[PDB]
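Enquirer:
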Amino acid sequence: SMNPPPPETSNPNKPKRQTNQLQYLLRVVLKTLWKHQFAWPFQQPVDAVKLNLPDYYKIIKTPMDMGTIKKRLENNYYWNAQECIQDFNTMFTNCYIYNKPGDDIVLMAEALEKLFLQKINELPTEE
Ligand SMILES: O=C1CCCN1c1cccc(NS(=O)(=O)c2c(F)cccc2F)c1
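Numbering (PDB author numbering), first residue to last: 42 to 168.
In structure tokens, the structure reads:
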């Protein structure tokens with residue numbers, strides 16, 4: 042029932058790049074999902090205490106959220122686009138694992154994920 046430390050957003054010895062695909066992931070993908078009416082539950086790590094989800098981090102062992110993704114993008118934490126795309130997919134998948142079909146939060150994730158997929162479809166070719 043306690044919260045873990047959030048996912049890493051800073052790690053100086055981790056190799057980093059800024060690529061045109063990673064720029065797109067910030068300026069288009071993250072920006073698009075962040076402004077959405079259903080973004081707010083996903084804008085920070087799940088607070089299992091405040092939300093009264095004592096089992097959450099006993100079930101979800103790779104937590105992820107857009108707050109974390111936003112910091113990772115702003116701090117140029119990634120090596121490539123795939124790492125960032127994986128974080129979004131982890132966020133959506135966690136929601137679907139933990140909750141049940143038709144739950145409000147699942148409907149919210151589904152709407153964000155639809156947009157996510159539309160934007161990743163238009164991912165620019167590298168460099
Ligand atoms: O699974 C996830 C990922 C992001 C938040 N989340 C989740 C799952 C279950 C309950 C809550 N608690 S909440 O934020 O107050 C909330 C509700 F209680 C009902 C509908 C939407 C909500 F956001 C949050």
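Idealized CB from N, CA, C, for every residue including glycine.
For the region 101-108 and the region 80-89, state whether three or more C-beta atom pairs, one from each stretch, are separated by less than 8 Å.
Expert: Touching, yes, given that three or more Cβ pairs across the two stretches are closer than 8 Å.
Enquirer: Below 8 Å CB to CB, which residues in the same chain sit around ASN121 once its five sequence neighbours on both sides are set aside?
Expert: Position 80 of the sequence shown, counting from 1, holds the residue named residue 121. Within the same chain, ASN121 has close Cβ partners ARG58, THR60, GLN62, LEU63.
Enquirer: Buried or exposed, going by whether 16 or more other CB atoms sit within 10 Å of the CB of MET132?
Expert: For the purposes of this step, residue 132 is taken as the residue at position 91 of the sequence shown. Answer is buried; the Cβ neighbour count reaches 16.
Enquirer: Could you check the C-alpha separation between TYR118 and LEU164 for me, to the nearest Å?
Expert: On the sequence shown, position 77 is the one that residue 118 refers to. On the sequence shown, position 123 is the one that residue 164 refers to. Cα-Cα distance, rounded: 19 Å.
Enquirer: Beta carbon of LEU74, beta carbon of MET107: below 9 Å?
Expert: Numbered from 1 along the sequence shown, position 33 holds the residue referred to as residue 74. Numbered from 1 along the sequence shown, position 66 holds the residue referred to as residue 107. Yes, they are a contact pair.
Enquirer: Would the C-beta of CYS125 count as close to ligand 1, meaning under 8 Å from any of its heavy atoms?
Expert: Locating residue 125 in the sequence shown gives position 84, counting from the first residue. Incorrect: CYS125 has no Cβ contact closer than 8 Å to ligand 1.
Enquirer: Of the residues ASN140, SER42, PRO47, which one's Cα is nearest the Cα of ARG113?
Expert: To locate residue 113, count along the sequence shown from 1; it is residue 72. That would be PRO47, whose Cα lies nearest to the Cα of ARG113.
Enquirer: Only counting runs of 3 or more residues, tell me where the beta strand (DSSP E) segments fall wholly within the region 100-147, in order along the chain.
Expert: As far as the region 100-147 is concerned, it has no whole beta strand (DSSP E) run of at least 3 residues.
Enquirer: Within the continuous alpha helix (DSSP H) that includes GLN62, where are the two ends?
Expert: Sequence index remark: in the sequence shown, residue 62 carries index 21 (1-based). Per DSSP, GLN62 belongs to the alpha helix (DSSP H) from 61-65.
Enquirer: Considering only their Cβ atoms, is the gap separating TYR139 from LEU94 smaller than 9 Å?
Expert: Locating residue 94 in the sequence shown gives position 53, where the first residue counts as 1. Locating residue 139 in the sequence shown gives position 98, where the first residue counts as 1. Yes, they are a contact pair.
Enquirer: If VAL70 sits next to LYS155, beta carbons under 8 Å apart, how far is it from one beta carbon to the other, in whole angstroms?
Expert: Counted from its first residue, the sequence shown places residue 70 at position 29. Counted from its first residue, the sequence shown places residue 155 at position 114. That belief does not hold up - the Cβ atoms of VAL70 and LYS155 are roughly 13 Å apart, past 8 Å.
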